[PDB]
């Protein structure tokens, strides 16, 4: 068996791509910002594709979304106010809302078409999160939202950046700079945490290192971790910046008690997974 007859050619590095059997195409939209496809794949189930890159799949998105959200949320001892930049399919919001401490969660995506198509075609991703009375969905460039938040003196406990990739995405490029992370720091409480996905350190080390150095220039505690996402073809790199709380100091017991006390149910993330993420070095080309 080989992939086809109808296949997605998913870019990866420029020198490697994935060839993925497609069973159906549900939606194609050229938005003002990007090319959107919602399709069914044989190996990964339903997917969101943006500019040819799978952003999430039914079969493995929970690895991505739980790994993006819960280490930072569990590290903060009382996350009440949460900001999400990107996260158009709603799954980042879904995970953050599981924390019973959360009173307000704002999600800011530039592209109304991604959110509306996700609402319509990706119900296993959002799972109603867009309609939670604690949630607000804002259609705006996150750069502009953060500048307005600074003017307003707005502050959050946890900021989650769930954007398109730093190595491919023009629309997200301004949000991966040292200057942006300095703005993020200005809309965090003094014990705040930021987490971002940072592409991949194996295939895109220069872009990874640029995001890492921009977090380190602004946050005194930084954790790097990665999780293999089969549908993407690589282990996504995450970078967690913290003003006060050290994620490396949580024990599997402290994590599992915060999860239980806050009513958080997961498919992947646990205190032992947290320990593994805090101890596994990230991949690099070794020769």
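Residue numbers count along the first chain shown, from 1.
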Mean B factor on CA atoms, stretches 29-37 and 64-72, record says higher is 29-37
So which stretch wins on mean C-alpha B-factor, 272-280 or 259-267?
259-267
Name the one of 95, 207, 154, 162 with the greatest CA B-factor according to the PDB entry.
154
Name the residue from 226, 52, 246, 43 with the greatest C-alpha temperature factor listed in the entry.
246
What third of the chain does residue 285 rank in for C-alpha temperature factor, lowest, middle or highest?
lowest
Using the B-factors in the PDB entry, rank residue 176's C-alpha atom against the chain and give the third, lowest, middle or highest.
middle
Split into thirds by Cα B-factor across the chain's modelled residues, where does residue 199 land: lowest, middle or highest?
lowest
Ranked by Cα temperature factor within the chain, is residue 230 in the lowest third, the middle third or the highest third?
lowest
Give the position of residue 221 by CA B-factor within its chain, expressed as the lowest, middle or highest third.
middle
